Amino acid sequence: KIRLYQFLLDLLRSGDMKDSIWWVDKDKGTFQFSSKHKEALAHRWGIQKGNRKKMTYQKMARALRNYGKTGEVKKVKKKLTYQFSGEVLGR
């Protein structure tokens, strides 16, 4: 099964949900979600995973928070903005 950070990186690479997520500074790996259109992206994550309940942005962001310590994704001090690690970006 695909990991959440890889799902998000793949979306950014494909441009399939450009109104829900975008690079802010792609060289640094910073990206941001749409305030108004993030829920459609969260729904897609839950469906891809086959989860029991409907996925929400809040639950997706709760999973993103768990990457902070291991480092794959960190929260940036702007709203709805995160940053991939260099290791994630290279792979």
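Residue numbers here begin at 1 and follow the sequence given.
- Relative to one another, 21-29 and 74-82 have unequal mean CA B-factors, and 74-82 is the one with the higher figure.
- When the modelled residues of the chain are ordered by their C-alpha B factor, residue 59 lands in the lowest third.
- Annotation for residue 43: CA B-factor lies in the middle third of the chain's modelled residues.
- Per-chain ranking of the deposited C-alpha B factor places residue 37 in the middle third.
- Sort the modelled residues of the chain by CA B factor and residue 49 lands in the middle third.
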